[PDB]
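Numbering (my numbering), first residue to last: 94 to 232. C-beta atoms are modelled at their ideal positions from N, C-alpha and C, and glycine is treated no differently.
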Ligand SMILES: [Cl-]
Ligand SMILES: [Pb+2]
Ligand SMILES: [Pb+2]
């Protein structure tokens, strides 16, 4: 519905398999573990559908699916990540885009509220850093 992946100049056959071919996605947690649960997908599976499958498979309750989020995490120590929008197609993004040379990739299930608290956290590490720089200078 808010889909932002598009294929161009393609043929029905290569495009139908691209979207109908099955795949497994290894879905990790925050890093509560180094252990992953394999999640079944196709090129049509949305991030929201795949969050639901992931929670079901973690033995958590899919009712709270809407309060979790799938993340494309580059890192093994995590360094940066991107939150999938609900309508995105993670199986296809997996195929087509990859970590910069040196880094490696993990899809992680994560609670929204843990994501926003991580934004707040990085605003504070920037801001602290600026108030540190400032104090050094004026004294
Ligand atoms: Cl339950
Ligand atoms: Pb499309
Ligand atoms: Pb977890």
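{"Item": "Would the C-beta of residue 125 count as close to ligand 3, meaning under 7 Å from any of its heavy atoms?", "Value": "yes"}
{"Item": "Helix, strand or coil, according to DSSP, for residue 194 in the structure here?", "Value": "coil"}
{"Item": "Rounded to whole angstroms, what is the Cα-Cα separation between residue 102 and residue 200?", "Value": "29 Å"}
{"Item": "Smallest Cα separation from residue 124: which of 164, 100, 138, 137?", "Value": "164"}
{"Item": "Specify the secondary structure class of residue 98 as computed by DSSP and reduced to three states.", "Value": "coil"}
{"Item": "Beta strand (DSSP E) containing residue 175: first to last residue?", "Value": "173-176"}
{"Item": "Just checking residue 239 against ligand 2 - is the residue's beta carbon closer than 7 Å to any of the ligand's heavy atoms?", "Value": "Since the first residue of the chain shown is 94 and the last is 232, residue 239 is not available in this structure."}
{"Item": "Measuring from the CB of residue 202, is there a heavy atom of ligand 3 at a distance below 7 Å?", "Value": "yes"}
{"Item": "Just to check, is the beta-carbon of residue 178 closer than 7 Å to a non-hydrogen atom of ligand 3?", "Value": "no"}
{"Item": "Would you decide whether residue 109 is buried or exposed? Buried here means 16 or more other CB atoms lie within 10 Å of its CB.", "Value": "exposed"}
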